[PDB]
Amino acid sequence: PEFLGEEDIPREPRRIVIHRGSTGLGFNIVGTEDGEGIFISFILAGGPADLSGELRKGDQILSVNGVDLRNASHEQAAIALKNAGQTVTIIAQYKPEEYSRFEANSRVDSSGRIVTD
């Protein structure tokens, strides 16, 4: 048996296109007023982000529709995403170590996966 859980999660940036018409994207972001990164904290089962099958908790949102979000505040990133239109092109990059700082009792294992105790 060949388990996915054993192999490394790619750390390279990826392009994800979410086609959502006029509904929510189906995920939550965490960030700071400082601009220390915008990260996916939660993906809604059955929502557009989930249906893409290409985003996960711990992804940093680098940009939306060409708009650089690496140094965005949580609020301005929210605005950008809500107003991104029906077709939303996200560049994301898996950053579990940076993400783990936000969530209590969380850490990264050898596979690169986020674990909460």
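Note that residue numbering begins at 1 and tracks the sequence as displayed.
If you average the C-alpha B-factors over 99 to 107 and over 17 to 25, the higher value belongs to 17 to 25.
A summary of the deposited B-factors shows that, of 52 to 60 and 78 to 86, the stretch with the larger mean C-alpha value is 78 to 86. In the PDB entry, a CA B factor belonging to the middle third of its chain's modelled residues is recorded for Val115. Sort the modelled residues of the chain by CA B factor and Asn65 lands in the middle third.
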